[PDB]
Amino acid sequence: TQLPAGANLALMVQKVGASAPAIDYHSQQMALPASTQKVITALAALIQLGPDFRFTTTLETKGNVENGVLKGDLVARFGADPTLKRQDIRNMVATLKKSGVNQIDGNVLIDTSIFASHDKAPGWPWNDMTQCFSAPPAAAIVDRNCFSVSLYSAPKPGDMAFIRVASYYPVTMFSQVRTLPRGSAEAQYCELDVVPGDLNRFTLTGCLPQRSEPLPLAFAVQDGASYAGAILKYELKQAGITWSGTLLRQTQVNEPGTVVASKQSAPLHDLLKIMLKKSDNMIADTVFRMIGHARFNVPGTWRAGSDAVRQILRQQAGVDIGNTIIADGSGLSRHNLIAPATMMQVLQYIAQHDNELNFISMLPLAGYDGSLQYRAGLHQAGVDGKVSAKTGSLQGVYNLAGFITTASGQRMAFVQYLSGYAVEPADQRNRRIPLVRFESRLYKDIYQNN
């Protein structure tokens, strides 16, 4: 129990298939799940979409092709594939050319109709939206909608710091950054900021102290449709395909044209494995809106995703999540709220159906992979290779949800929702001892005593 001052612990530990818990500490109390939400996303995804689902992107033609000229529109139909790469667009364009299209007497349509409404879930902090871990998981993703930039201080203080960016990234960078002399009075409270604008404009503002080396930065693309469009436009031009119209967005549901090129992701089981092992927000959130699209046959939205996951858990898994709030697939949202006792029902379902789902093998294994390769507390408890669990991690939050095989060989499911492991400013970069000692004793206890 003895953690630092002010932290909030809800904890439940329960033998697989048992009706009573071994440990029950505030298990009914709802908490922020953070990335442990991905356990629920993966279960709902496997039930709704199946392990063999693949994300799809196509180039389609609407119109007849006469002497190499398409009389009509080229449609690039995006499908929320989180693994789509620039190369993939290049290869699809190569295929289009090879099929005999040299020219489009028409428009080039960037079709995102698979999804609708905002590409950002309710409850996501605005300030993180330009960080790649929170890049809007839109229908149109290329290279994870994340790009990098180099910021160089100016040789002469007072002059503008300047930005280098690879020419192939269709973004527009502006610097309003003032370079500060060493010892400037401004260093303390002058911030270095990124301000996103329309059409993938970014302005860097504020101050940068002199440095000998450039500062590397990575940012999230805010308008994936425009970004993918510019990549497509560039690849069309390089392949020698001309067009008379313009690049337009297509957002309304429409009958497919003739598929001339396509790309499918790896199978969903493989993607869910990456997601659980590495805690991939983008895979979780593209999956989440896909679940709603599939279940209700409507463009995927956050609301449809939430409704669908609740229905799938109740109807296929027998889990009534009650007053649980599910806002997204990744757990980014500060709106997500769930009790250890509700997550426990999910974990029990997974364990009972694990031979069907092949689910537990996707979770990080303590001491081997993903997020638990070295978790000090688990290592020190002597439980490496005995815990398969999903982390939920952000400032002051140390959640864990999954399974442990005990000294007697009994498998137990557990949920540790721990937050407010906040520290005073003067110790903010050190916060470890109590957690590690707590986890070491706890999982040692659970392991040895069960």
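Rigid core (definition): largest C-alpha set, two forms, superposition within 1.5 Å. Residues carry their position along the shown sequence, with the first being 1.
Peer 1: Report the stretch with the higher root mean square CA deviation, pooled over structures and residues in 5 other deposited structures of this protein, choosing between 391 to 399 and 30 to 38 after a rigid core fit.
Peer 2: Looking at 391 to 399 versus 30 to 38 in 5 other deposited structures of this protein, the farther one turns out to be 391 to 399.
Peer 1: In 5 other deposited structures of this protein, superposed by the rigid core, which stretch departs further from the shown form in CA positions, 175 to 183 or 210 to 218?
Peer 2: If we average over structures and residues in 5 other deposited structures of this protein, the farther stretch is 175 to 183.
Peer 1: Within the set of other compared PDB entries, does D384 lack a model in a third or more?
Peer 2: Across the other compared entries, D384 is absent from none.
Peer 1: Compared with other deposited entries of this protein, is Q428 missing coordinates in at least a third of those that cover its neighbours?
Peer 2: That residue is missing from at least a third of the other compared entries.
Peer 1: Which of the two stretches, 315 to 323 or 220 to 228, shows the higher mean Cα temperature factor in the record?
Peer 2: Mean B over CA atoms: larger for 315 to 323.
Peer 1: I need to verify one thing: averaged over C-alpha atoms only, is the B-factor higher for 146 to 154 or for 303 to 311?
Peer 2: Looking at the recorded C-alpha B-factors, 146 to 154 comes out higher on average.
Peer 1: Sort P364, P125, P214, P136 by C-alpha B-factor from the entry and give me just the highest.
Peer 2: Highest C-alpha B-factor among the listed options: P214.
Peer 1: From the list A351, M343, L268, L208, select the residue with the highest C-alpha B factor recorded in the entry.
Peer 2: So the option with the highest C-alpha B-factor is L208.
Peer 1: Looking at the entry's B-factor column for C-alpha atoms only, identify whether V259 ranks in the lowest, middle or highest third of its chain.
Peer 2: Ranked within chain, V259 CA B lands in the highest tercile.
Peer 1: Select lowest, middle or highest to describe the third in which the CA B-factor of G385 falls within its chain in this entry.
Peer 2: Lowest third, going by the recorded CA B-factors of the chain.
Peer 1: Would the CA B-factor of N102 place it in the lowest, middle or highest third of its chain?
Peer 2: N102: CA B-factor falls in the middle third of its chain.
Peer 1: Hey, what third does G402 fall into on Cα B-factor, ranked over its chain?
Peer 2: Within its chain, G402 is a lowest-third residue by C-alpha B-factor, going by the deposited values.
Peer 1: Lowest, middle or highest third: which one holds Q48 when the chain's residues are ordered by CA B-factor from the entry?
Peer 2: Middle third by C-alpha B-factor.
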